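All Cβ positions, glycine included, derive from the backbone under ideal geometry; neighbour counts span all protein chains shown. Any read-out appearing in this document is the output of simple, stated calculations on the displayed coordinates, not a laboratory observation.
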Amino acid sequence: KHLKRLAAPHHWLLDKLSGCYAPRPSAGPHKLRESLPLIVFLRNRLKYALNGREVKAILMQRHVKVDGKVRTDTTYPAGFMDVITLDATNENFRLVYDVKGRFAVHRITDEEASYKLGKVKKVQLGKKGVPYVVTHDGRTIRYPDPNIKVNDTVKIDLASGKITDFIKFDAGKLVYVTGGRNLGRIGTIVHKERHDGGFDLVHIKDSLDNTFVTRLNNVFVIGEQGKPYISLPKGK
Amino acid sequence: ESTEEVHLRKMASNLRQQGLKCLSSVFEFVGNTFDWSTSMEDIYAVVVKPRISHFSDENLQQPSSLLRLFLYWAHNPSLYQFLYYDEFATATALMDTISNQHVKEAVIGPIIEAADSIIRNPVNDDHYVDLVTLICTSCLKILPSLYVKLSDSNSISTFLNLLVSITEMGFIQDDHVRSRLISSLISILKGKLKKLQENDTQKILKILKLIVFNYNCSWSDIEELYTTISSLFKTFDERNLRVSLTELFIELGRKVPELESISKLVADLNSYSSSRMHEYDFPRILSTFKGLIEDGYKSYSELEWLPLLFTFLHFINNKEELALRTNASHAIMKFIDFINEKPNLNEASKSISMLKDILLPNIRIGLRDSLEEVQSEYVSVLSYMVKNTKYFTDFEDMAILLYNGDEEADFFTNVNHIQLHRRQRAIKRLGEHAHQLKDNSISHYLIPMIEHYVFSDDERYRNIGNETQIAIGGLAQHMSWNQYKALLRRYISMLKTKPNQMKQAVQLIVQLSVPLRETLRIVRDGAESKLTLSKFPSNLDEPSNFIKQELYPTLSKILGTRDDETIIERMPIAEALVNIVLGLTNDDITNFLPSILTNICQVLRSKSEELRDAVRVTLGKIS
Amino acid sequence: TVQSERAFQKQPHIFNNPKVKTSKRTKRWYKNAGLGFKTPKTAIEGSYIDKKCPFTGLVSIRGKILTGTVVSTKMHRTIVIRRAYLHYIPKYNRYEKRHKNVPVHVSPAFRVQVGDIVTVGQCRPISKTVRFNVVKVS
RNA sequence: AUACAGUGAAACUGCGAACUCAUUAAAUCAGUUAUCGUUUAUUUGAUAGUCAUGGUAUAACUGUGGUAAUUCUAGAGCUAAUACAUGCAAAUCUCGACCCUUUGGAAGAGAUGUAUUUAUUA
């Protein structure tokens, strides 16, 4: 199960001179390709811990809380729209992709860190006739707003796991793309169409009026036009 | 009353419920096999006597085991002694529960069914007679409060069966109960075909006829019931229902002397032929029409008109016999002639109000009807009434459109002419006559005719529809702005309904939006001359803020309708959207013009060359 | 004849009650295939029973949608369509046409002759070599 | 430590234990789908009302022995479980007449695990 340093993904931005073997992300909320391990986050990125032993010491000492709860696994997968709380420093980070296509932290405040946006991949009726939604991180949230459909974004309180607000998939809404050649791009969508012998294709317009087309499962509605619910890094 | 042991109380309650439902289930499952007579008194003393005092309040919410046992006792003839104990105490409790404010009709229904079964099944006992009389009195008291409360069609049918059984018994002889039953029957007749089944309606009519035969009726109540029966005979297409209404009219004529003559005329009109089943007598109908054309229309009273007016409307709506339709049109013309020959303005206005209540919506329905013969008969009747009567404004407008009765000048005469070229001349003449026709008259009359001409499937008739669409766009200015908005909503509904009609709807939308654009531009400019749209709102802000805020969702729907066939229709829709933008305020036009421009750009962005050329022609017209 | 085979041919989990006479001859179940393809009236009032039919069977259309010209209709409830796609050979320096044959299941609702352009859609493997089912016939 | 309580051999239990030789050109491989056609130890998020405490069978351990002898053995004696086997009507709701009295208290009438296989009904 040993993953090579060259075989490590480009999203992590590791230093190749560091070691022979890259960390392998554990099973968890996000898939292995778009995950970012906590050891990579703390050691190679935040430079807090110099080596994996004191990375394990930190994650023992429970300063690092991921999405509210406390994780002690060194290779715990932390992914897109994940809030990491370092309680000793009182600094909160939100993981967002860079425009070039790599992971990046964002310094966020406390009341921003209190909520998290998730893409509703499933809407279904569970047992005893209880509706539920399955978000992109794997969360199952009971009793949603009946207006919530597939590919809509829900703002989730971290303390309770409850949906406060939601954004509907609609033309002229600021979405974010999370896959493919277009990865790391922020833009409002022109439209959505069906591709013959293919899938739903979404046409998105950037700030500089450039048009780029991607898969339906790749998009992520971060907010409506002119009001992003989350903070965004400099450079748009 | 020891409340110290809630466990004991719950155990006692559970034992009571299980024991009662067990006794009920024993009663239906064993049936009429066990000799119940030996344990009858013991059972009634034990389980019925304490709960009998509060059974009426207890079982109001939902059916219960004790209530089901009572219903099975009422159904089984051998179990009648259970009810007969204590002078119909259980029956009185059930009747009180029915009479009280029950939570649901699901408890009211089976009690009425059991009462009907007990009435239908006779028993030879003095207690049986007393219980039957008490149940009949309770049902007669409860019936006006039960007919309204009954929300189920099966429950209404059961109530009608119980009323028929009560009428067969003849329990009530008072005229007040007859008046209450007549009011209930009128309320039942005021309904729908989905609400009341045809067999159920026939049974209700038979019960009403039996009640009318049993009870004497005053003149005013007989006239009200005759008007209701006339409306019912107009509504009922079934000849069995027509025969039932004829029997009811015969009963009303037995009740009242002038109603005897009226019902004799109605029965002569609606007399069924013996040779053809469920078919009226053509020679008798022709003789009645010949009498009504010359001697009848002077003889018939104002109240007596309404049954024959309903019969004539039904005959005109019926497409079975064109001769009968012509006879009905002649009868309507004779009624209009009687209204004109009445010297009093109030006497003419009574018939005018009767026509506006009945005959004018009937003519509107005939114009909207797809039946060409019925539409032509309605148009001919309208023209004859326009010639006969000088009072009525749409009649004056129709005379102005007739223009001294020339065949080419008259829109109706050239339409009745078989020549499509004459129809085109009529449409072109009506386009100029829209400047003189009334707005309400145009909206009531020419719009169904123009819609029929547009929806006609022939190619020459499609040219007629295009000319009528141009005339309708011209007359939309001559029409009221509310009528224009209603016509736009109807066109949007037709576009949503049929794609083939949508292209014609798109053309009509453009040809109505261009006068709308001109009127809105004149309102924005504040021109001293009156706007094109007749009776337009004084505030230019309100009409624009209604029309544009309605048309922008329509423009969005047209843009979202991204179909290749719809794109041709969307091009006239794009022209209408450009007209709406031009009619809007200039700053609002400057804001909304990026949206229409982007829609036109998406239309022209098609890779197909022929679609691009068509969109280019449309965009050239739009520019 | 719908009952030609030795086993009884019925739509699964559809029960018409012998106690109650029905105005329809048999209860029949039809499903909207999706992708904007209308359910044909032959499938609506057909008497045929087919598992592999996208409108009246358990087979659902998902994946790709293709178009092709019908070549052979000899085999039962299956057709062979030919798709001609232009190919570039660098050594020849010129575009050269190539064809691929796709054996496609045909529902009995559609009647296809040789040389008719048909629209097909991907489904679960119908047989050893069949993965495509017709959904629109032009 | 007058049940054990520190640290703990053995044992029971639980988890992990998924180099050589032969040469295929729609095969392999590379992408690309599909799984409304499938399986899950783990991770993560959900999820379960429908006796102050049951009976054993053994290991390690005692002992008596057989074999030239193996991580081979038989006889008798011991006692533990997150081993194996066994096993428990109330409460919550809806319709609540009527009462006052509006929030309200209540005559009463009724309802109520999960899994497996199939048939039937939305």
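A search for C-beta distances below 7 Å between a residue of segment C:45-65 that is within 14 Å of chain A (Cβ to nearest Cβ) and assigned to a strand (DSSP E or B) and any residue that is of a type in the set (S, T, N, Q) and surrounded by fewer than 20 Cβ atoms within 10 Å (Cβ to Cβ), counting only pairs 6+ apart in sequence or on different chains, returns C:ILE65/C:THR119. Mind checking whether some residue in segment B:463-480 is of a type outside the set (A, V, I, L, M) and free of Cβ contacts under 8 Å to residues at least 24 places away in the same chain? Checking segment B:463-480: not a single residue is of a type outside the set (A, V, I, L, M) and free of Cβ contacts under 8 Å to residues at least 24 places away in the same chain. For C:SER127, indicate whether it is more than 14 Å from every other protein chain (Cβ to nearest Cβ), in a loop (DSSP other than H, G, I, E, B) and within 11 Å of the chain's Cα centre (by Cα). Spelling it out, it is not the case that C:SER127 is more than 14 Å from every other protein chain (Cβ to nearest Cβ), in a loop (DSSP other than H, G, I, E, B) and within 11 Å of the chain's Cα centre (by Cα). Entry remark, segment C:3-23: residues being among the β-branched types (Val, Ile, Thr) and over 22 Å from the mean Cα position of the chain (by Cα) number 2 in total. The number of residues in segment C:10-46 that are more than 26 Å from C:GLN122 (Cβ to Cβ) and either within 15 Å of RNA strand D (Cβ to nearest atom) or surrounded by 11 or more Cβ atoms within 10 Å (Cβ to Cβ) (or both) comes to 15.
Restricting the first member to segment B:429-446 and to residues that are touching a residue at least 60 places away in the same chain (Cβ under 8 Å), and the second to residues that are among the basic types (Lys, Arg) and part of a helix (DSSP H, G or I), the beta-carbon pairs closer than 7 Å and six or more apart or on different chains are B:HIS444/B:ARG364. Exactly one residue out of B:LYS190, B:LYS141 is out of contact with any strand residue (DSSP E or B) (no Cβ under 8 Å at 6 or more places or on another chain), surrounded by fewer than 18 Cβ atoms within 10 Å (Cβ to Cβ) and more than 30 Å from B:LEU259 (Cα to Cα): that is B:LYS141. Between A:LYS168, A:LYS149, the distinction of being away from every other protein chain (no Cβ under 14 Å), among the basic types (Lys, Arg), under 19 Å from A:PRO228 (Cβ atoms) and under 21 Å from the mean Cα position of the chain (by Cα) belongs to A:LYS168 only. Of all the listed residues (B:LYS498, B:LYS535, B:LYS503, B:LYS548), the sole one being free of Cβ contacts under 8 Å to residues at least 40 places away in the same chain and surrounded by fewer than 20 Cβ atoms within 10 Å (Cβ to Cβ) is B:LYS498.
For segment A:198-223, the tally of residues that are within 16 Å of RNA strand D (Cβ to nearest atom), under 23 Å from A:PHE166 (Cβ atoms) and aliphatic (A, V, I, L, M) stands at 3. With a requirement of 2 or more residues that are in contact with a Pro (Cβ under 7 Å, 6 or more places away or on another chain) and more than 25 Å from B:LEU355 (Cβ to Cβ), the helices (runs of 4 or more DSSP H) lying completely within segment B:153-254 that satisfy it span B:175-189. Count of segment C:87-113 residues, restricted to those that are in a loop (DSSP other than H, G, I, E, B) and surrounded by 12 or more Cβ atoms within 10 Å (Cβ to Cβ), is 6. The criterion of at least 1 residues that are within 17 Å of A:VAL150 (Cα to Cα), touching a residue at least 40 places away in the same chain (Cβ under 8 Å) and of a type outside the set (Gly, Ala, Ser) is met, among strands (runs of 3 or more DSSP E) falling completely within segment A:189-236, by A:219-224. Selection of segment C:82-105 for residues being away from RNA strand D (no atom under 14 Å from the Cβ) and within 14 Å of chain A (Cβ to nearest Cβ) yields only C:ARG83.
Do we find that A:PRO29 is within 16 Å of RNA strand D (Cβ to nearest atom), in contact with a helix residue (DSSP H, G or I) (Cβ under 9 Å, 6 or more places away or on another chain) and assigned to a loop (DSSP other than H, G, I, E, B) in this structure? Against the criterion (within 16 Å of RNA strand D (Cβ to nearest atom), in contact with a helix residue (DSSP H, G or I) (Cβ under 9 Å, 6 or more places away or on another chain) and assigned to a loop (DSSP other than H, G, I, E, B)), A:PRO29 does not qualify.
Examine segment A:60-80 for a residue that is part of a helix (DSSP H, G or I) and either more than 14 Å from A:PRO25 (Cβ to Cβ) or free of Cβ contacts under 8 Å to residues at least 12 places away in the same chain (or both), and state whether such a residue exists. Yes: segment A:60-80 contains one or more residues that are part of a helix (DSSP H, G or I) and either more than 14 Å from A:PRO25 (Cβ to Cβ) or free of Cβ contacts under 8 Å to residues at least 12 places away in the same chain (or both). Answer yes or no as to whether B:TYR445 is closer than 21 Å to B:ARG364 by Cβ and among the hydroxyl-bearing types (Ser, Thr, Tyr). So B:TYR445 fits the description; yes. Only a single item in (1) in contact with a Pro (Cβ under 8 Å, 6 or more places away or on another chain); (2) within 15 Å of RNA strand D (Cβ to nearest atom) is not met by A:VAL66, and it is number (1).
Okay, residues lined up against (1) without any contact (Cβ under 8 Å) to a residue 12 or more places away in the chain; (2) within 19 Å of B:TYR85 (Cβ to Cβ):
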| position | (1), (2) |
| --- | --- |
| B:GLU28 | no, no |
| B:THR33 | yes, no |
| B:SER37 | no, yes |
| B:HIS54 | yes, yes |
| B:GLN61 | no, no |
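Scan segment B:277-302 for residues that are aliphatic (A, V, I, L, M) and loosely packed, with under 15 Cβ neighbours inside 10 Å and the total you get is 2. Considering segment C:114-124, the residues that are assigned to a strand (DSSP E or B) and more than 16 Å from RNA strand D (Cβ to nearest atom) include one that is nearest to C:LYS38 (Cα to Cα), namely C:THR119. Of all residues in segment A:191-223, exactly one satisfies the criterion of being surrounded by 15 or more Cβ atoms within 10 Å (Cβ to Cβ), over 29 Å from C:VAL135 (Cβ atoms) and within 14 Å of another protein chain (Cβ to nearest Cβ), namely A:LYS205.
Hey, could you check segment C:66-77 for residues that are assigned to a loop (DSSP other than H, G, I, E, B) and surrounded by 14 or more Cβ atoms within 10 Å (Cβ to Cβ) and say which is nearest to RNA strand D (Cβ to nearest atom)? Applying the filter and picking the extreme gives C:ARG77. For B:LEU306, state whether it is touching a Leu at 6+ places or on another chain (Cβ under 8 Å), touching a residue at least 24 places away in the same chain (Cβ under 8 Å), surrounded by 15 or more Cβ atoms within 10 Å (Cβ to Cβ) and of a type in the set (A, V, I, L, M). In short, no. Right, A:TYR48: touching a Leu at 6+ places or on another chain (Cβ under 7 Å), more than 15 Å from RNA strand D (Cβ to nearest atom) and either aromatic (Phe, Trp, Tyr) or within 14 Å of chain C (Cβ to nearest Cβ) (or both) or not? Taking the combined requirement at face value, the residue satisfies it.
For segment B:292-326, name all the residues that are among the polar types (S, T, N, Q), within 25 Å of B:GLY253 (Cα to Cα) and more than 25 Å from the chain's Cα centre (by Cα). Selection gives B:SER299, B:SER301.
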